[PDB]
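Okay, my_file11.pdb now, which holds PDB, C-alpha atoms (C1' of nucleotides) and all ligand atoms:
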```pdb
ATOM      1  CA  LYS A   1     309.773 101.433 140.011  1.00  0.00           C
ATOM      2  CA  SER A   2     311.286 102.329 136.641  1.00  0.00           C
ATOM      3  CA  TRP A   3     312.293 105.752 135.298  1.00  0.00           C
ATOM      4  CA  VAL A   4     310.651 107.814 132.556  1.00  0.00           C
ATOM      5  CA  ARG A   5     310.926 111.242 130.936  1.00  0.00           C
ATOM      6  CA  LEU A   6     308.133 113.689 130.194  1.00  0.00           C
ATOM      7  CA  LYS A   7     307.435 114.821 126.650  1.00  0.00           C
ATOM      8  CA  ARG A   8     305.575 118.096 127.021  1.00  0.00           C
ATOM      9  CA  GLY A   9     305.720 120.890 129.546  1.00  0.00           C
ATOM     10  CA  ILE A  10     308.782 122.426 131.219  1.00  0.00           C
ATOM     11  CA  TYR A  11     309.715 119.017 132.597  1.00  0.00           C
ATOM     12  CA  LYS A  12     310.660 117.936 129.091  1.00  0.00           C
ATOM     13  CA  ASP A  13     313.582 115.517 128.924  1.00  0.00           C
ATOM     14  CA  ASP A  14     313.700 115.210 132.718  1.00  0.00           C
ATOM     15  CA  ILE A  15     314.200 112.016 134.699  1.00  0.00           C
ATOM     16  CA  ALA A  16     311.167 110.938 136.735  1.00  0.00           C
ATOM     17  CA  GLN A  17     310.842 107.957 139.075  1.00  0.00           C
ATOM     18  CA  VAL A  18     307.724 105.836 138.574  1.00  0.00           C
ATOM     19  CA  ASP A  19     306.311 105.771 142.108  1.00  0.00           C
ATOM     20  CA  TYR A  20     302.951 104.042 141.580  1.00  0.00           C
ATOM     21  CA  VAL A  21     301.410 102.525 138.444  1.00  0.00           C
ATOM     22  CA  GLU A  22     297.646 102.906 138.111  1.00  0.00           C
ATOM     23  CA  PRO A  23     295.964  99.724 136.795  1.00  0.00           C
ATOM     24  CA  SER A  24     293.663 101.875 134.624  1.00  0.00           C
ATOM     25  CA  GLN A  25     296.521 102.281 132.095  1.00  0.00           C
ATOM     26  CA  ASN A  26     295.648 105.988 131.841  1.00  0.00           C
ATOM     27  CA  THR A  27     298.081 107.785 134.169  1.00  0.00           C
ATOM     28  CA  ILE A  28     301.029 106.774 136.352  1.00  0.00           C
ATOM     29  CA  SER A  29     302.324 108.479 139.481  1.00  0.00           C
ATOM     30  CA  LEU A  30     305.771 109.995 138.948  1.00  0.00           C
ATOM     31  CA  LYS A  31     308.357 111.639 141.192  1.00  0.00           C
ATOM     32  CA  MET A  32     310.004 114.701 139.624  1.00  0.00           C
ATOM     33  CA  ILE A  33     312.396 117.407 140.770  1.00  0.00           C
ATOM     34  CA  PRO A  34     310.506 120.727 140.503  1.00  0.00           C
ATOM     35  CA  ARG A  35     311.751 123.140 137.839  1.00  0.00           C
ATOM     36  CA  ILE A  36     309.971 126.097 139.421  1.00  0.00           C
ATOM     37  CA  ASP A  37     310.830 129.603 140.595  1.00  0.00           C
ATOM     38  CA  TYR A  38     308.216 129.348 143.380  1.00  0.00           C
ATOM     39  CA  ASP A  39     306.083 132.120 141.846  1.00  0.00           C
ATOM     40  CA  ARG A  40     308.954 134.577 142.319  1.00  0.00           C
ATOM     41  CA  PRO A  41     314.160 126.744 135.270  1.00  0.00           C
ATOM     42  CA  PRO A  42     316.947 124.496 136.564  1.00  0.00           C
ATOM     43  CA  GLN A  43     316.086 121.469 138.660  1.00  0.00           C
ATOM     44  CA  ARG A  44     316.107 122.123 142.399  1.00  0.00           C
ATOM     45  CA  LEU A  45     314.759 120.512 145.542  1.00  0.00           C
ATOM     46  CA  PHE A  46     311.221 121.433 146.532  1.00  0.00           C
ATOM     47  CA  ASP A  47     310.946 124.127 149.234  1.00  0.00           C
ATOM     48  CA  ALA A  48     307.490 123.758 150.800  1.00  0.00           C
ATOM     49  CA  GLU A  49     308.319 126.445 153.361  1.00  0.00           C
ATOM     50  CA  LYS A  50     309.511 128.797 150.617  1.00  0.00           C
ATOM     51  CA  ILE A  51     306.358 128.339 148.534  1.00  0.00           C
ATOM     52  CA  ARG A  52     304.177 128.754 151.635  1.00  0.00           C
ATOM     53  CA  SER A  53     305.975 132.004 152.473  1.00  0.00           C
ATOM     54  CA  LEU A  54     305.578 133.239 148.893  1.00  0.00           C
ATOM     55  CA  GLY A  55     301.879 132.381 149.104  1.00  0.00           C
ATOM     56  CA  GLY A  56     299.849 132.458 145.922  1.00  0.00           C
ATOM     57  CA  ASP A  57     298.264 129.248 144.682  1.00  0.00           C
ATOM     58  CA  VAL A  58     299.419 126.927 147.477  1.00  0.00           C
ATOM     59  CA  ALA A  59     297.773 124.367 149.761  1.00  0.00           C
ATOM     60  CA  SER A  60     299.663 123.056 152.792  1.00  0.00           C
ATOM     61  CA  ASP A  61     299.088 119.510 154.063  1.00  0.00           C
ATOM     62  CA  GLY A  62     302.286 118.975 156.023  1.00  0.00           C
ATOM     63  CA  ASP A  63     304.711 117.117 153.776  1.00  0.00           C
ATOM     64  CA  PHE A  64     302.090 117.025 151.002  1.00  0.00           C
ATOM     65  CA  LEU A  65     301.475 120.219 149.038  1.00  0.00           C
ATOM     66  CA  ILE A  66     299.467 121.396 146.018  1.00  0.00           C
ATOM     67  CA  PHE A  67     300.521 124.491 144.087  1.00  0.00           C
ATOM     68  CA  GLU A  68     300.439 126.251 140.709  1.00  0.00           C
ATOM     69  CA  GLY A  69     297.785 124.322 138.832  1.00  0.00           C
ATOM     70  CA  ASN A  70     297.218 121.159 140.877  1.00  0.00           C
ATOM     71  CA  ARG A  71     300.926 120.292 140.961  1.00  0.00           C
ATOM     72  CA  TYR A  72     301.315 117.750 143.771  1.00  0.00           C
ATOM     73  CA  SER A  73     304.495 117.133 145.786  1.00  0.00           C
ATOM     74  CA  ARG A  74     304.803 114.491 148.552  1.00  0.00           C
ATOM     75  CA  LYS A  75     307.850 115.128 150.817  1.00  0.00           C
ATOM     76  CA  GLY A  76     310.339 117.361 148.914  1.00  0.00           C
ATOM     77  CA  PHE A  77     309.708 116.109 145.335  1.00  0.00           C
ATOM     78  CA  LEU A  78     306.750 116.536 142.975  1.00  0.00           C
ATOM     79  CA  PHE A  79     304.467 113.481 143.097  1.00  0.00           C
ATOM     80  CA  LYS A  80     302.085 113.878 140.158  1.00  0.00           C
ATOM     81  CA  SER A  81     300.202 111.625 137.753  1.00  0.00           C
ATOM     82  CA  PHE A  82     301.209 111.804 134.085  1.00  0.00           C
ATOM     83  CA  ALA A  83     299.789 110.180 130.986  1.00  0.00           C
ATOM     84  CA  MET A  84     301.151 106.832 129.871  1.00  0.00           C
ATOM     85  CA  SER A  85     301.718 108.094 126.307  1.00  0.00           C
ATOM     86  CA  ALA A  86     303.213 111.386 127.560  1.00  0.00           C
ATOM     87  CA  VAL A  87     306.259 109.542 128.967  1.00  0.00           C
ATOM     88  CA  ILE A  88     308.802 107.034 127.654  1.00  0.00           C
ATOM     89  CA  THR A  89     309.199 103.848 129.691  1.00  0.00           C
ATOM     90  CA  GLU A  90     311.899 102.267 127.488  1.00  0.00           C
ATOM     91  CA  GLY A  91     315.460 103.420 126.944  1.00  0.00           C
ATOM     92  CA  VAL A  92     315.890 105.892 129.801  1.00  0.00           C
ATOM     93  CA  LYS A  93     318.748 104.398 131.837  1.00  0.00           C
ATOM     94  CA  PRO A  94     319.319 107.033 134.576  1.00  0.00           C
ATOM     95  CA  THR A  95     322.871 107.666 135.803  1.00  0.00           C
ATOM     96  CA  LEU A  96     324.227 107.337 139.338  1.00  0.00           C
ATOM     97  CA  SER A  97     323.550 111.020 139.994  1.00  0.00           C
ATOM     98  CA  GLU A  98     319.909 110.435 139.019  1.00  0.00           C
ATOM     99  CA  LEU A  99     319.773 107.349 141.255  1.00  0.00           C
ATOM    100  CA  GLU A 100     321.116 109.395 144.170  1.00  0.00           C
ATOM    101  CA  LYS A 101     318.563 112.131 143.481  1.00  0.00           C
ATOM    102  CA  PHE A 102     315.728 109.584 143.389  1.00  0.00           C
TER     103      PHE A 102
ATOM    104  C1'   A B   1     375.415 177.098 169.631  1.00  0.00           C
ATOM    105  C1'   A B   2     371.231 176.023 172.371  1.00  0.00           C
ATOM    106  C1'   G B   3     368.225 174.811 176.828  1.00  0.00           C
ATOM    107  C1'   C B   4     363.172 174.953 181.678  1.00  0.00           C
ATOM    108  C1'   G B   5     358.247 173.638 185.757  1.00  0.00           C
ATOM    109  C1'   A B   6     364.848 177.345 189.077  1.00  0.00           C
ATOM    110  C1'   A B   7     342.783 144.231 161.707  1.00  0.00           C
ATOM    111  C1'   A B   8     341.568 143.834 157.395  1.00  0.00           C
ATOM    112  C1'   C B   9     340.712 145.353 152.352  1.00  0.00           C
ATOM    113  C1'   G B  10     341.703 147.837 138.009  1.00  0.00           C
ATOM    114  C1'   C B  11     336.888 142.827 133.286  1.00  0.00           C
ATOM    115  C1'   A B  12     334.722 140.750 129.509  1.00  0.00           C
ATOM    116  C1'   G B  13     333.298 140.245 123.404  1.00  0.00           C
ATOM    117  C1'   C B  14     328.490 139.154 119.463  1.00  0.00           C
ATOM    118  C1'   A B  15     329.254 138.652 114.747  1.00  0.00           C
ATOM    119  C1'   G B  16     327.716 139.319 110.106  1.00  0.00           C
ATOM    120  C1'   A B  17     325.285 142.305 106.509  1.00  0.00           C
ATOM    121  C1'   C B  18     324.095 146.854 104.029  1.00  0.00           C
ATOM    122  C1'   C B  19     324.528 152.111 103.282  1.00  0.00           C
ATOM    123  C1'   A B  20     326.790 156.828 103.313  1.00  0.00           C
ATOM    124  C1'   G B  21     331.422 159.215 103.605  1.00  0.00           C
ATOM    125  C1'   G B  22     337.025 160.146 103.723  1.00  0.00           C
ATOM    126  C1'   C B  23     342.398 160.966 100.728  1.00  0.00           C
TER     127        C B  23
ATOM    128  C1'  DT C   1     300.699 127.615 127.376  1.00  0.00           C
ATOM    129  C1'  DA C   2     304.485 127.115 127.488  1.00  0.00           C
ATOM    130  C1'  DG C   3     307.563 125.380 125.141  1.00  0.00           C
ATOM    131  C1'  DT C   4     310.218 123.280 121.439  1.00  0.00           C
ATOM    132  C1'  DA C   5     310.879 123.368 116.551  1.00  0.00           C
ATOM    133  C1'  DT C   6     310.479 124.548 111.240  1.00  0.00           C
ATOM    134  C1'  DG C   7     319.926 144.221  81.020  1.00  0.00           C
ATOM    135  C1'  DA C   8     326.453 146.671  80.878  1.00  0.00           C
ATOM    136  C1'  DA C   9     332.952 139.825  82.934  1.00  0.00           C
ATOM    137  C1'  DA C  10     336.713 137.980  80.940  1.00  0.00           C
ATOM    138  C1'  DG C  11     340.150 134.898  81.104  1.00  0.00           C
ATOM    139  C1'  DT C  12     342.474 130.245  80.888  1.00  0.00           C
ATOM    140  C1'  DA C  13     342.405 125.191  81.176  1.00  0.00           C
ATOM    141  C1'  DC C  14     339.944 120.863  80.274  1.00  0.00           C
ATOM    142  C1'  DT C  15     336.248 117.645  78.038  1.00  0.00           C
ATOM    143  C1'  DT C  16     333.545 116.445  74.022  1.00  0.00           C
ATOM    144  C1'  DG C  17     332.107 115.399  68.933  1.00  0.00           C
ATOM    145  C1'  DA C  18     333.652 115.928  63.936  1.00  0.00           C
ATOM    146  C1'  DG C  19     337.072 114.962  60.262  1.00  0.00           C
ATOM    147  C1'  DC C  20     341.095 112.452  58.726  1.00  0.00           C
ATOM    148  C1'  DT C  21     346.040 109.003  58.469  1.00  0.00           C
ATOM    149  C1'  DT C  22     347.786 104.537  58.836  1.00  0.00           C
ATOM    150  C1'  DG C  23     346.860 100.391  59.752  1.00  0.00           C
ATOM    151  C1'  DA C  24     344.814  95.407  59.252  1.00  0.00           C
ATOM    152  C1'  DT C  25     342.124  93.502  56.342  1.00  0.00           C
ATOM    153  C1'  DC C  26     340.296  92.030  51.788  1.00  0.00           C
TER     154       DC C  26
ATOM    155  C1'  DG D   1     342.924  98.661  44.718  1.00  0.00           C
ATOM    156  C1'  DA D   2     339.313  99.258  48.276  1.00  0.00           C
ATOM    157  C1'  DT D   3     337.342  99.346  53.074  1.00  0.00           C
ATOM    158  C1'  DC D   4     336.393 100.366  58.614  1.00  0.00           C
ATOM    159  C1'  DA D   5     338.553 101.167  62.822  1.00  0.00           C
ATOM    160  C1'  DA D   6     341.911 103.463  65.823  1.00  0.00           C
ATOM    161  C1'  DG D   7     343.161 107.583  67.212  1.00  0.00           C
ATOM    162  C1'  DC D   8     345.158 112.096  66.569  1.00  0.00           C
ATOM    163  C1'  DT D   9     343.658 117.244  65.554  1.00  0.00           C
ATOM    164  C1'  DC D  10     340.547 120.925  65.745  1.00  0.00           C
ATOM    165  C1'  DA D  11     336.570 124.035  67.176  1.00  0.00           C
ATOM    166  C1'  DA D  12     332.581 123.712  69.978  1.00  0.00           C
ATOM    167  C1'  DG D  13     331.349 123.686  74.924  1.00  0.00           C
ATOM    168  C1'  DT D  14     331.838 123.562  80.435  1.00  0.00           C
ATOM    169  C1'  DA D  15     334.196 124.525  85.269  1.00  0.00           C
ATOM    170  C1'  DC D  16     336.534 127.951  87.880  1.00  0.00           C
ATOM    171  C1'  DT D  17     338.812 131.737  89.557  1.00  0.00           C
ATOM    172  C1'  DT D  18     339.673 136.993  90.029  1.00  0.00           C
ATOM    173  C1'  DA D  19     338.323 141.864  90.212  1.00  0.00           C
ATOM    174  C1'  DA D  20     343.260 148.865  94.648  1.00  0.00           C
ATOM    175  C1'  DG D  21     344.660 150.504  99.785  1.00  0.00           C
ATOM    176  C1'  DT D  22     343.378 152.086 104.371  1.00  0.00           C
ATOM    177  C1'  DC D  23     339.903 154.705 107.597  1.00  0.00           C
ATOM    178  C1'  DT D  24     335.231 156.586 109.870  1.00  0.00           C
ATOM    179  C1'  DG D  25     330.252 156.660 110.903  1.00  0.00           C
ATOM    180  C1'  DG D  26     325.282 154.848 110.666  1.00  0.00           C
ATOM    181  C1'  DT D  27     321.345 151.257 110.731  1.00  0.00           C
ATOM    182  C1'  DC D  28     319.718 146.403 111.295  1.00  0.00           C
ATOM    183  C1'  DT D  29     319.358 141.375 112.619  1.00  0.00           C
ATOM    184  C1'  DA D  30     312.991 135.049 112.501  1.00  0.00           C
ATOM    185  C1'  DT D  31     309.017 132.766 114.192  1.00  0.00           C
ATOM    186  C1'  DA D  32     306.529 128.395 113.021  1.00  0.00           C
ATOM    187  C1'  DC D  33     304.904 124.779 115.275  1.00  0.00           C
ATOM    188  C1'  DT D  34     301.342 122.133 117.831  1.00  0.00           C
ATOM    189  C1'  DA D  35     301.864 120.443 121.582  1.00  0.00           C
TER     190       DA D  35
HETATM  191 MG    MG A 201     344.837 164.303 100.006  1.00  0.00          MG
END
```
File written out as structure tokens:
Amino acid sequence: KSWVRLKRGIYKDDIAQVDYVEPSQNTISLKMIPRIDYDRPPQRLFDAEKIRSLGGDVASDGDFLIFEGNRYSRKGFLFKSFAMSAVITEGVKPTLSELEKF
RNA sequence: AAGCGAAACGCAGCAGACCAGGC
DNA sequence: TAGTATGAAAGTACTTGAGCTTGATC
DNA sequence: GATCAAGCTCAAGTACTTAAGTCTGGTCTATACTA
């Protein structure tokens, strides 16, 4: 239940909460705040209803949702697997605002 | 002197080059 | 992909090596 | 009587600045990386 930051992609230098750690040592499940415009980027809370209304590449499974290139989001935050080497697990130290967000 | 129906409402800048021209 | 990252200037003032006076020595 | 050394004087460099006044108009201005 540590915190990491992605290296590539738009989520670069963004705090992510390690939700589940896969024993395979290949990818780890991470909770991010989506930096998306909803197919219409500052961090903002996920709007499943908004993305459903906008349509496009979207799959609705209640609280779970898949959109825009297999991007997964459980509840209102992206819940996606990311490579072990694509994130930094040492020297993150999130602030109180980050703790409140996650 | 006269006399009629007696609520709420005046923006904003790059900057820095280089050229031509003016007395 | 999607985004971060890589040939027609001249002047003075100051420092340097060469030559030379007076010294301390011989 | 002579010498070499210290150090003062001179002509050869180097380091550094400065180069009229104001005004108008016009164009033009990064993309490599490497994931
Ligand atoms: Mg004139």
With the cut-off set at 10 Å and counting all atoms listed in the file, tabulate each residue of range 10-33 of chain D with an atom at most that distance from an atom of range 3-21 of chain B, showing the nearest atom pair and its distance in Å to one decimal, ordered by chain and increasing number, as CSV.
```
residue,atom,partner,partner_atom,distance
D:24,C1',B:21,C1',7.8
D:25,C1',B:21,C1',7.8
D:26,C1',B:20,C1',7.8
D:27,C1',B:19,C1',8.1
D:28,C1',B:17,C1',8.4
D:29,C1',B:17,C1',8.6
```
Inset, instruction - Work out how far apart CA of residue 41 in chain A and CA of residue 66 in chain A are and give it in Å to one decimal. - result: 19.0 Å
Inset, instruction - Apply the PyMOL selection byres (((chain C and resi 6) around 12) and not hetatm) to the structure shown and report the selected residues as a ChimeraX atom specification. - result: /C:4-5 /D:30-34
Exercise: range 7-24 of chain C partners within 10 Å, all atoms listed in the file, chain neighbours under 5 positions left out, as a PDB file with C-alpha atoms (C1' of nucleotides), in the frame of the given file:
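File written: around-v9.pdb
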```pdb
ATOM      1  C1'  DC D   4     336.393 100.366  58.614  1.00  0.00           C
ATOM      2  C1'  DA D   5     338.553 101.167  62.822  1.00  0.00           C
ATOM      3  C1'  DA D   6     341.911 103.463  65.823  1.00  0.00           C
ATOM      4  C1'  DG D   7     343.161 107.583  67.212  1.00  0.00           C
ATOM      5  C1'  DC D   8     345.158 112.096  66.569  1.00  0.00           C
ATOM      6  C1'  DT D   9     343.658 117.244  65.554  1.00  0.00           C
ATOM      7  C1'  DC D  10     340.547 120.925  65.745  1.00  0.00           C
ATOM      8  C1'  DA D  11     336.570 124.035  67.176  1.00  0.00           C
ATOM      9  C1'  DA D  12     332.581 123.712  69.978  1.00  0.00           C
ATOM     10  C1'  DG D  13     331.349 123.686  74.924  1.00  0.00           C
ATOM     11  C1'  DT D  14     331.838 123.562  80.435  1.00  0.00           C
ATOM     12  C1'  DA D  15     334.196 124.525  85.269  1.00  0.00           C
ATOM     13  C1'  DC D  16     336.534 127.951  87.880  1.00  0.00           C
ATOM     14  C1'  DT D  17     338.812 131.737  89.557  1.00  0.00           C
ATOM     15  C1'  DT D  18     339.673 136.993  90.029  1.00  0.00           C
ATOM     16  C1'  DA D  19     338.323 141.864  90.212  1.00  0.00           C
TER      17       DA D  19
END
```
Would you translate the PyMOL selection byres ((chain C) within 10 of (chain A and not hetatm)) into the concrete set of residues it matches in this file, as a PDB file with C-alpha atoms (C1' of nucleotides), keeping the file's coordinate frame?
```pdb
ATOM      1  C1'  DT C   1     300.699 127.615 127.376  1.00  0.00           C
ATOM      2  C1'  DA C   2     304.485 127.115 127.488  1.00  0.00           C
ATOM      3  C1'  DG C   3     307.563 125.380 125.141  1.00  0.00           C
ATOM      4  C1'  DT C   4     310.218 123.280 121.439  1.00  0.00           C
TER       5       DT C   4
END
```
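CA of residue 49 in chain A to CA of residue 6 in chain A spans 26.4 Å [interatomic distance, one decimal].
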Inset, instruction - Tell me which protein, DNA and RNA residues are within 12 Å of residue 13 in chain A, counting all atoms listed in the file, leaving out same-chain ones fewer than 2 positions away, and put them as an NGL selection string. - result: (:A and (3-11 or 15-16 or 32 or 35 or 43 or 86-88 or 92 or 94)) or (:C and (4))
Inset, instruction - Could you give me, as JSON, numbers by chain, the residues within 12 Å of residue 17 in chain A, counting all atoms listed in the file and dropping anything in the same chain fewer than 3 positions from it? - result: {"A": [1, 2, 3, 4, 5, 6, 14, 20, 21, 28, 29, 30, 31, 32, 33, 77, 78, 79, 80, 81, 82, 87, 88, 89, 92, 93, 94, 98, 99, 100, 101, 102]}
Legend entry - Atom pair CA of residue 58 in chain A / CA of residue 75 in chain A: separation (Å): 14.9 Å
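For residue 56 in chain A, the residues within 12 Å (counting only C-alpha atoms (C1' of nucleotides), excluding itself and residues fewer than 2 positions away along the chain) are residues 38, 39, 40, 50, 51, 52, 53, 54, 58, 59, 60, 66, 67, 68 and 69 of chain A.
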